[PDB]
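J.: Opening with a subset of the complex:
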Amino acid sequence: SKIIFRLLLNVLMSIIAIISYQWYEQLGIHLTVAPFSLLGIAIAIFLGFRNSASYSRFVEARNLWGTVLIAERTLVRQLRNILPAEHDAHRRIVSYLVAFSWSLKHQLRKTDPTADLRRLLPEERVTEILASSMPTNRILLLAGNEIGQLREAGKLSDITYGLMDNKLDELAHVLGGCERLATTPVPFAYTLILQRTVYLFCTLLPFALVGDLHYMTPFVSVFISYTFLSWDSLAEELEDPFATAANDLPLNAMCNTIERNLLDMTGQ
Amino acid sequence: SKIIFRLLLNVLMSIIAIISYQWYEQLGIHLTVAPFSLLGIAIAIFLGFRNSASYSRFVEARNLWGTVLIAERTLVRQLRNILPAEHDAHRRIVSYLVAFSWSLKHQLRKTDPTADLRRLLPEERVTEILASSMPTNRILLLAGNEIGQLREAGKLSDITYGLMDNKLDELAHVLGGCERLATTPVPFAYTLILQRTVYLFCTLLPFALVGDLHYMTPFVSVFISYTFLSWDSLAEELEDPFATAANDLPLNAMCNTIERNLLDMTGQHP
Amino acid sequence: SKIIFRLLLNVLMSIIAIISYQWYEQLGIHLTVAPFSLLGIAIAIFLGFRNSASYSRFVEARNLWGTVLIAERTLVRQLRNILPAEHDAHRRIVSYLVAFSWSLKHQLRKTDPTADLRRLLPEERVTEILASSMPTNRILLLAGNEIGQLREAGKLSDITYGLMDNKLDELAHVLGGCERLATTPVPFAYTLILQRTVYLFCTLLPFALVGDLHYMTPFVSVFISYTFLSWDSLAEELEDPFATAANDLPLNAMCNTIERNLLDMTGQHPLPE
């Protein structure tokens, strides 16, 4: 919300344009409104499409996280329905699945998963997971071992193993999705072009408006400025949905909901 | 329609603009249409996009609900097709699937599912369901136990169990999808910014219009005001598709349809 | 075309604009182009977004019917490749799949399917289907019984059953999709808001145009009006793609195509040496 600084700067640019309107003819500078409508409308169209792309990206982040909840739910359900007896296996997989949620969060947030992982897994596993450059992936592999061992123990057939393997695939896609979102930002050129253009437009605007609106200039100018900046900053906040900002995803809340959901499903 | 108030208030502002037009040069105020055209078209573009995004949420909401009927239909079908004899299993599973629907509706409406659950299931189950933090997910698990037990008893093979398991996974996707839409709407910036913007534009508009239209100012002002507000409030409505507004989903109607479908003729089949 | 009444009314609205142009400022009423440019554009943006939604809905409808053909083709093909000898089963399943198509058509068209169902199926089955509150879904169940009986008999394994079952799932999605599109229209509020704004904008336009064009008003006002009315009525035809309008789906032809297709894949009287 550094926007209020930019709004103040606009009012200052407006009064400058008022006081210096007297010297217009003298300096030989003529500025009509029509060419600034053309520019403004274009910027609005471009901002419109840009804002759209940003929203889609935010939506995708939400979906991928939604999939974690879904896929981890059904995997646990599958475990209970196929092997209701093997509570030993349940606890191990549920922990791994809960670890995955937290590991992914920390990975995306660029924070330290050590505390959460130690809260969930034995140390032999925790140090092994943190040993991998890709810890979240390492958790999936370990979760895969449990299903694999259950198959080798003959407790799962190839079919029932396959039924569960699909859920690990689903989470692999989530990990992939999130990494792609995190590592690949919306092209820097989008923020580079638009911010330059919008800021300079808002700044130059009163100098074209002053000829027409005179004193009313500051009000009409700041209002158009507000509109364009608000739209522009919304797209900025949507672009990176894994940031810690107030407009972003409450990942902690989701990870807690996932953890509570799985522990609820095992009677813990 | 809370638009009518703002539409009426717009006519009041339009009278103010007519009577105060003479005094423009005295008060040192000049207002042309051109700047408001620029601002208006920009607001229209942004409203245009916003509304589209809202309709999307509505459409996805509707699709998620359509999947319930589809996946529930086929699961029953599969049961009727693979185990045509097991009517006791049929009835138990159906009642769960029906419970899932009503439970989901209550969840998204944040209302009490107790009445509907008792109507459908034994009390030992109603307490088990209301015990859970997520009752709808609990219902899925119970539905799952039924399919699971038919496999323990060797009535279902791994293959046919899987075929039916797939359908529960489908419902789980519906559950998660709906939660996504419900628990977190669009950003809160979207609503508070645009609503203020659209109305501040609407109130200032006559003051800029009066120069051109004079008396016809209130007419053309309320027209534009309507067009902009109509779109914003509709967008606002469709953003929460699980709410109780006019343009939202008839979830009650939908849950009936699901129920009637699953109990086709008291759950009978040749 | 009930659009042509609105164009005539536009001509008449232009004419009164021309003649009553005198008693304008004498009262004090003024109408310029720039404010109607803003409104017009706002309306054009809103129409554009709505039409987009309507087209999507039309595409989806076309897509869903597209799937019926794909799924029934493959289900018949699967029966041919897995159980090549069982032509009794073929004809039974084929007929149900044809029945499904016609039943679904009648359901969306809100017409009686008894004729078609009797043409295709024995009377016990027509009774069975019409007894259901959801007849088309009942046909799928019956189709599923055929596959299920072949599994009971051990002619199909659980795998081969599964392969065929998943095709019924496709048809189940089609049925659900179509029903959804039939009962969930583009929210009425859209069609309501746009219908009011477009009509009001078209009638007031020649009054806001007369100042600038004087006599040329009727010729310009109509051209603008027609544009907004054409684009609006395009959406109103695409939102209801199951009726018997000019823009709607030829569901009868498509049903024939499906009946033709399945009787092309079968129909080869087998065992003639």
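T.: Okay, I see it. Residues are numbered from 1 along each chain as shown, chains lettered A, B, ... in the order given.

J.: In the stretch 51-200 of chain A, what residue lies closest to chain C?
T.: residue A:159 (9.3 Å; Cβ to the nearest Cβ). (Each C-beta comes from the backbone N, C-alpha and C, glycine too.)

J.: what sits against that residue?
T.: B:158, B:159, B:162 (Cβ atoms under 8 Å, 6 or more residues apart in numbering or on different chains).

J.: try residue A:247
T.: Neighbouring residues of residue A:247 by Cβ under 8 Å, 6+ apart: A:234, A:237, A:238, B:187, B:188, B:189.

J.: Helix, strand or coil: sort out it for me.
T.: coil (DSSP: H, G, I helix; E, B strand; the rest coil).

J.: Name the residue of the stretch 101-250 of chain A that lies nearest to chain B.
T.: Residue of the stretch 101-250 of chain A nearest chain B, by Cβ to the nearest Cβ: residue A:159 (3.7 Å).

J.: which residue sits closest to residue A:146 in space, ignoring its chain neighbours?
T.: Spatial nearest neighbour of residue A:146, excluding adjacent residues (Cβ to Cβ, 6 or more residues apart in numbering or on different chains): residue A:93 at 5.0 Å.

J.: burial count for residue A:45?
T.: Residue A:45 has 13 neighbouring residues, counting by other Cβ atoms under 10 Å in any protein chain shown.

J.: And residue A:76, by the same measure?
T.: Residue A:76: 23 surrounding residues under other Cβ under 10 Å.

J.: Name the nearest residue to it, ignoring sequence neighbours.
T.: Nearest to residue A:76 is residue A:265, by Cβ to Cβ, 6+ apart, at 4.9 Å.

J.: Quick check: the gap between the one you found and chain C.
T.: 27 Å (Cβ to the nearest Cβ, to the nearest Å).

J.: go on, residue A:240?
T.: For residue A:240, the distance to chain C - Cβ to the nearest Cβ - is 27 Å.

J.: Quick check: that residue touching residue A:248?
T.: Yes - Residue A:240 is in contact with residue A:248 according to Cβ atoms under 8 Å; the separation is 7.3 Å.

J.: Go ahead and add chain D:
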Amino acid sequence: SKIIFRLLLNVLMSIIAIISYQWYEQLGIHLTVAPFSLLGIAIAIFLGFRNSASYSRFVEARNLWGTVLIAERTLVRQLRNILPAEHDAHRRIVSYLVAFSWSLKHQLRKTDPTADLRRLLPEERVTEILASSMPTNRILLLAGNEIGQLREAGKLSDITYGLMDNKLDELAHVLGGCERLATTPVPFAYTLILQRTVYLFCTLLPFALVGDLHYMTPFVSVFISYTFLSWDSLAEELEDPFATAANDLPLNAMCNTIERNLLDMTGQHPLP
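T.: Just below you will find chain D, in place on the chains above:
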């Protein structure tokens, strides 16, 4: 372009507008920019959305054809991986898969597939396929029989049969997708209505521009017309991606790509 006729008719309309503007006052017929500006922007928005839909259809066609390549590749891969010894089967299936591609291309183009089928299949099959009203569908069924026979011989299990059968479903989905996409006039005359709206706008525009640009009318008026006519005709092209009035290069290229690919995969190499 072939739209250079309407660009010339524009310049001719400009010259009419210049010379005749003198006799405008002696009636009281005027044309400002403001109304035609509104009309133009409105049309542009509509053209914008229409074009978007067209491009969408074009992309979907490219996807469906891309799937033929993918599915036909993986089916052949599966055959080599699961039944490496069964080359006679490899050959027959590959024949049908290549047949499917060409037969689909011909179907959508409404052109004669005889030559292409004759190069790939015995005249017995070619007659059978062309006897059917749905020849591409027939080829899929024939390819299916081949996979089915390997199963009945016990060479494929129900699982491995399933795996390959899935690929034939993909091709079936593609055939249907293409059939829908080729034979779907989503608007009846609304593609012509908007086209005529662009036509009239472009021919009335100089009469509205003359007051402001005078002689520079033809210069600006043709440029505006060019933009509108180009965008309209582009949407018209993308609308019908399988049209005889479209580009055949990509469709023929793909059929050759798939053929080259499938022969490479079975080591047969080029077919004469």
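
J.: try the neighbour count of residue A:45 again now we have chain D.
T.: Using other Cβ under 10 Å, residue A:45 is surrounded by 14 other residues.

J.: quick one, phi/psi of residue A:133?
T.: phi -60, psi -30 (degrees, to the nearest 10).

J.: right, I mislabeled it, should have said residue A:187
T.: Torsion angles, degrees, to the nearest 10, at residue A:187: phi -30, psi 130.

J.: Can you get me a residue count around it?
T.: By other Cβ under 10 Å, neighbour count at residue A:187 equals 10.

J.: With the one 5 residues further on instead?
T.: Look at residue A:192: counted by other Cβ under 10 Å, it has 10 neighbours.

J.: what do you get for residue A:210?
T.: Quick note: residue A:210 (other Cβ under 10 Å) scores 25 neighbours.

J.: burial count for residue A:133?
T.: Neighbour tally, residue A:133, other Cβ under 10 Å: 6.

J.: hang on, isn't residue A:51 packed against residue A:233?
T.: No - taking contacts as Cβ under 8 Å, residue A:51 lies outside contact range of residue A:233: 10.2 Å.

J.: if you count what's nearby, which of those two comes out ahead?
T.: residue A:51 (24 against 19).

J.: need the contact list for the nearest residue to the more buried one once chain neighbours are set aside.
T.: Spatial nearest neighbour of residue A:51, chain neighbours left out: residue A:235 (4.2 Å); criterion: Cβ to Cβ, 6+ apart. If you count contacts by Cβ under 8 Å, 6+ apart, residue A:235 has them with A:47, A:50, A:51, A:54, A:55, A:194.

J.: neighbours around the fourth one, how many?
T.: Which is residue A:54. Neighbours of residue A:54 (other Cβ under 10 Å): 21.

J.: Ok, the fifth one next?
T.: One way to gauge burial is a neighbour count; for residue A:55, by other Cβ under 10 Å, it gives 23.

J.: so who does the closest residue to it other than its chain neighbours touch?
T.: Sequence neighbours aside, residue A:238 is the residue nearest to residue A:55 in space, at 5.4 Å (criterion: Cβ to Cβ, 6+ apart). By Cβ under 8 Å, 6+ apart, the contact set of residue A:238 is A:51, A:54, A:55, A:57, A:58, A:247, B:187.

J.: Chain E goes on too:
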Amino acid sequence: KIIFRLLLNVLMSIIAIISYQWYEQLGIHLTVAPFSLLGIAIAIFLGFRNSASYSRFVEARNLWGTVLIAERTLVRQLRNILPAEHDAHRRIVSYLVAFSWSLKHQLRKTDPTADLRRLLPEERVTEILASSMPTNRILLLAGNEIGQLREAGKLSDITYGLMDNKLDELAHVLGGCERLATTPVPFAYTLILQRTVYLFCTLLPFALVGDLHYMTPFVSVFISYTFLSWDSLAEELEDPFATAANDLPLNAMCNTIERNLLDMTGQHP
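T.: Now chain E, sitting on the chains shown earlier:
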């Protein structure tokens, strides 16, 4: 490379100023209004186009994502299902890594021989370079490894099926990338817009001069920048497999894939 036209705009604006005094002398009028109409039209058309170009970029980024995902899970499956078959692990992983690099080369239209020799025995490198599509060949070879394990009875049809599905997924990636390479948005699009945006940008000062006088160049360059920025950004996103500044870092992505697959096989980069 745009700053050449940004300059040419200022020059054309100067021409517009110095030749404004000859305007009525020649009898040429240019108002802003008709250029607003044309400007907005182009802005709408650029707006949609840029949107389309983005989709291609996102799809390409998505397809490459699947490579990481599909290969990760394929290795995971090998480890979970055949934990003792480390010969198979290494061979398959080498093919998966080969596929990644070969795809990078395929799309960039470069020579894969360097990378192939680093990863595979020489007989295979020949077999691969012999094929019309080398990447497709690598998948077939990866498929042979799974197929061999099946005949040996180490994999059931079901477990073979599970692994096969991942090769199918990569085939889809191959097809997808191939489609985004070989088929750009047709010739028409760029030939229309690029010329149109240019001609508009250079003719705009002539129309702006009346209203703006000297301020012409400043306003005209501002509009021109906006229109050209958007136009060129769209062009960069259109071809996502190029080596341009705002394009997929395919070298970096292939490293990530290789590192991930090494990590999973208990090896070190």
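
J.: so, the contacts of residue A:235 revisited with chain E in the model?
T.: A:47, A:50, A:51, A:54, A:55, A:194.

J.: does the last one really touch residue A:44, like I thought?
T.: No - contact criterion Cβ under 8 Å: residue A:194 and residue A:44 do not qualify, at 11.1 Å.

J.: show me what contacts the residue most central in space within chain A?
T.: Nearest to the mean C-alpha position of chain A, counting by Cα atoms, centre = their mean, stands residue A:241 at 1.2 Å. Residues near residue A:241 by Cβ under 8 Å, 6+ apart: A:57, A:58, A:61, A:62, A:181, A:248, A:249.

J.: run the last query once more with 6 Å
T.: A:58, A:61, A:248, A:249 (Cβ atoms under 6 Å, 6 or more residues apart in numbering or on different chains).

J.: would you turn those residues into a markdown table with neighbour count?
T.: As requested, the contacts of residue A:241 are exported to a markdown table (neighbours: other Cβ atoms under 10 Å in any protein chain shown):
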| residue | neighbour count |
| --- | --- |
| A:58 | 23 |
| A:61 | 22 |
| A:248 | 16 |
| A:249 | 20 |
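
J.: quick check, nearest of those residues to chain D?
T.: Of those, the one sitting nearest to chain D (Cβ to the nearest Cβ) turns out to be residue A:58, at 22.1 Å.

J.: what distance separates stretch A:121-138 from the middle of the whole chain?
T.: How far stretch A:121-138 lies from its chain's middle: 25 Å, per Cα atoms, centre = their mean, to the nearest Å.

J.: Closest residue of the stretch 101-250 of chain A to chain D?
T.: Minimum separation of the stretch 101-250 of chain A from chain D (Cβ to the nearest Cβ) falls at residue A:158, amounting to 9.5 Å.

J.: The stretch 1-150 of chain A now?
T.: Taking Cβ to the nearest Cβ, the stretch 1-150 of chain A has residue A:41 as its residue nearest chain D, at 9.0 Å.

J.: Now for that residue, how many residues are close by?
T.: 22.

J.: need the contact list for it.
T.: Counted by Cβ under 6 Å, 6+ apart, residue A:41 has contacts B:41, E:40.
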